[PDB]
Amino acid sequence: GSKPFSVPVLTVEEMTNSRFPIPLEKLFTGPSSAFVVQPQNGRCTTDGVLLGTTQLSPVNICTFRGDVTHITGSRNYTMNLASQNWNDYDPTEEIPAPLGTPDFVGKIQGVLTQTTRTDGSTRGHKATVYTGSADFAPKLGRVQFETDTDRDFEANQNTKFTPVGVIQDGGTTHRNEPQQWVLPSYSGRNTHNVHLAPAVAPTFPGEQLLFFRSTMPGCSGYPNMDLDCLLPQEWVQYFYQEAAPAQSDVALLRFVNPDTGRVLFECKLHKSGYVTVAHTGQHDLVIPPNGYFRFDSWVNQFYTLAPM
């Protein structure tokens, strides 16, 4: 009679994407046989074990901290990464990359901020990191930023990157980037990623993944702003805190409409931390804004869900 598992009573709009620091907006299901679904943020087992590059607070996702070195003759800077608490970076943890590192290939725009310790002077500049760059190597402790300055960043001073959104440019077709299911090479071009959370896929006939979807802000061009995570950040936080043991491989959840008292759909929360539904095709779910998920029963992986 183990500690009862549960999911939080939070509506979709009350929750947060686990792959970029923005609120959730909607639920989406579609086929995924054409890509490999292996995000590294928003990965957590139902009994509370964090996976991949997943950490607990949503505001740290896609942030970087460290020291910057100017690439003379350009407006580009190399960041030598620190830990999130500004201590030295320890690359020996058995993780793919620092926790919270971006887990998709794209051009992420935001702001580099810096403080000079001696006098508390500060400065902030637009900056973009291309996580598909050959020199994107956060696991090695190095990432490059393109900025709007060649002079107003000091070396050897604490510097932070705050993400804002994504861009599309450099001749790509509209909405051809970011590529949210393409993992970076965390140690640089032509290196192999390590310690990854596994890829996920529906295995039961008639099932698709259920995605928790947000729209990333766009900062220039015609980017693909869709961003799907496998678990809301709040579910990561909740499972980590509760650490309730899984009694089977699959937790059956019902999505409840409090305005009618009726179930809108049911789904499988797999103990390794992803959700499936019985549907074939691309579908934007139409949900009551006060709807929420409710854990009802531990079932087997071969339970047949009610179609939705």
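Residue positions are given as counts along the sequence shown, with the first one as 1.
Colleague: Mean C-alpha B factor from the entry: is it higher for 156-164 or for 193-201?
Modeller: Going by the record's values, the stretch with the higher mean is 193-201.
Colleague: If you average the Cα B factors in the entry, which is higher, 275-283 or 66-74?
Modeller: Here the higher of the two C-alpha B-factor means belongs to 66-74.
Colleague: Checking the record values for 179, 128, 131, 172, which has the greatest CA B factor?
Modeller: Answer for 179, 128, 131, 172: 172, with the highest C-alpha B-factor.
Colleague: Between 234, 103, 228, 93, let me know which has the highest C-alpha B-factor in the entry?
Modeller: The record points to 93.
Colleague: Could you look up the Cα B-factor of residue 239 in the entry and say which third of the chain it sits in: lowest, middle or highest?
Modeller: Ranked within chain, residue 239 CA B lands in the lowest tercile.
Colleague: Ranking the modelled residues of this chain by C-alpha B-factor as given in the entry, is residue 10 in the lowest, middle or highest third?
Modeller: Lowest third.
Colleague: Would you please rank residue 39 by its C-alpha temperature factor against the other modelled residues of its chain and give the third it falls in: lowest, middle or highest?
Modeller: For residue 39, the deposited C-alpha B-factor lands in the lowest third.
Colleague: According to the PDB entry, is the CA B factor of residue 110 in the bottom, middle or top third of its chain, that is, lowest, middle or highest?
Modeller: Middle third - that is where residue 110 ends up once the chain's C-alpha B-factors are sorted.
Colleague: Place residue 300 in the lowest, middle or highest third of its chain's C-alpha B-factors, as listed in the PDB entry.
Modeller: Highest third - that is where residue 300 ends up once the chain's C-alpha B-factors are sorted.
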